[PDB]
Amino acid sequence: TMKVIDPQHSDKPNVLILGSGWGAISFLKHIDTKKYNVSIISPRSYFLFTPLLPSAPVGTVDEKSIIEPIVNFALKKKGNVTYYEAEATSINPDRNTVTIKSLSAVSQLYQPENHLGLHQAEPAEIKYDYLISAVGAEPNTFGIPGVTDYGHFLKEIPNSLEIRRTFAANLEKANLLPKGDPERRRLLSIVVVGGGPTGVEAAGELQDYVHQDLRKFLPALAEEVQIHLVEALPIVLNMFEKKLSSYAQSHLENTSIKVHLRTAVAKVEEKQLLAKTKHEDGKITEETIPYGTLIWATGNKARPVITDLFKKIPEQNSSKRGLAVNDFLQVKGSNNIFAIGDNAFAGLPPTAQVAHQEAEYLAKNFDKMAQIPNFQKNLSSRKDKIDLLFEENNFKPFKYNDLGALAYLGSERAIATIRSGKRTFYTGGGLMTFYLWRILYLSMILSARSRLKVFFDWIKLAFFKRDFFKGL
């Protein structure tokens, strides 16, 4: 009644990867396809270079520039790679299967090719020997009413399109109104919730667009726009040194952004929202803020496919943020499922930096398991022995190395702290820090094509105004 895909052409173990983001793609880049048969399930046919997503809505870079098709990474592999463009809806640990839905395409990047007899929008289950879970996390509204109906997350490419569309629409409407109309002022106002680096960069890029481009042809309109950054803690960018946070805040304010600290959004309606400030003395004030565009850049929560898995594994029943993993990124209470990135919790921060390091670590471990015959044998064995097998063969546990953090602030200023272990190599803000920010992000891009395209976008930006088309 339910189609099952179980490739037994080879005696290479079937490694199944969920997702096409930081964990999945970094893992894919390092996994040995000569030793393993690799399959990928993800509803998104491309990798997204998340740190430049805030630059996309106003066209500092193009949406296409920061994405790279999964297929292009896969063509570089020596062995067999299969990509299922579908969503994993259920992880079935006791039968070693993943259920998929919303199937759109299957791509078998090998020329023998076995017809699988799948049809679009028909469920199927995919058999694995090893599961690597990297489906990431979804934006968290914290139960605040209205944010889903009236705000825009900043998490995926379509969010960037939506934001451009809303804001460009607001600008056209607003410019038809007479100066000093409160409705005009509402349309020209943007609220960015979340004073983490995502919200800060979003606010900064928007301000860049308004000041550098919009101002060239509608200066009076540009003058009236008001961007708000709303943050619940007493400082923005709290992962940085306090003095860098103050530098950032003063800079943002200097570019005309209004920063609301100690402030939380309580309720969102279609044209206004309620913000409460909890002052240091303890008193609580409240302000209703009319807004044209709301961008919700706070926090992530676990995905339904992952929370369901919490129930199916006893050791995992007490999980909340993500799957709990051991020293070897093995999901607790499972001997063949691994979890990396934001869908896993190990006490580390939910960043690309961690996801990328975990992926590379895990792929190296898979190199070693391929030299030890017993691993692939415990697959068929009755006993979950893979936990023991890591300590037995003295695999080192995963150790995260924090390399620091960066944040663009708009108007050619950035802050940065670069490190390794206990050594700090760079830490500060300014004009040169901005150039460093560019060179560094360019270096972290996972593909030559995307790297060139971003580079071409920045060159073009030196001579011309950003592309800000309503429907492109």
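Start at 1 with the first residue shown and count on from there. C-alpha atoms forming the largest set that superposes within 1.5 Å between two forms make up the rigid core.
A.B. asks: How do 346-354 and 276-284 compare in 7 other deposited structures of this protein: which one has C-alphas farther from this form after the rigid core is matched?
C.D. replies: Clearly, after the core fit, the stretch farther away in 7 other deposited structures of this protein is 276-284.
A.B. asks: With everything overlaid on the rigid core, name the stretch, 56-64 or 421-429, whose CA atoms wander farther on average in 7 other deposited structures of this protein.
C.D. replies: This comes out as 421-429, the stretch further from the shown form in 7 other deposited structures of this protein.
A.B. asks: Does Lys383, which is modelled here, drop out in at least a third of the other compared PDB entries?
C.D. replies: Across the compared entries, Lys383 is left out in at least a third.
A.B. asks: Higher average CA B factor in the deposited record is what I'm after, so tell me if that's 30-38 or 440-448.
C.D. replies: In the deposited entry, the stretch with the higher C-alpha B-factor mean is 30-38.
A.B. asks: Name the higher of the two by mean Cα B-factor in the PDB entry, 214-222 versus 156-164.
C.D. replies: Stretch with the higher mean C-alpha B-factor: 214-222.
A.B. asks: Reading the B-factor column of the entry, which of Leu177, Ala346, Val354, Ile100 has the highest value at its C-alpha atom?
C.D. replies: Out of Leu177, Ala346, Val354, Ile100, the record gives the largest C-alpha B-factor to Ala346.
A.B. asks: Can you tell me which of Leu309, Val200, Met369, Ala169 has the maximum CA B-factor listed in the PDB entry?
C.D. replies: Checking the PDB record, the top C-alpha B-factor among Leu309, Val200, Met369, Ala169 is at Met369.
A.B. asks: Rank-wise, by C-alpha B-factor, drop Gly146 into the lowest, middle or highest third of its chain.
C.D. replies: CA B-factor rank for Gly146: middle third.
A.B. asks: Based on the entry's values, in what third of the chain does the Cα temperature factor of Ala56 lie: lowest, middle or highest?
C.D. replies: For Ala56, whose C-alpha B-factor we compare with every modelled residue in the chain, the answer is the lowest third.
A.B. asks: Can you tell me whether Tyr83 has a C-alpha B-factor in the lowest, middle or highest third compared with the other modelled residues of the same chain?
C.D. replies: Bottom third by C-alpha B-factor.
A.B. asks: C-alpha B factor of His228, ranked within the chain: lowest, middle or highest third?
C.D. replies: Tercile = lowest for this residue's CA B-factor.
A.B. asks: Using the B-factor values recorded in the entry, state whether the Cα atom of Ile235 falls in the lowest, middle or highest third among the modelled residues of its chain.
C.D. replies: Highest third.
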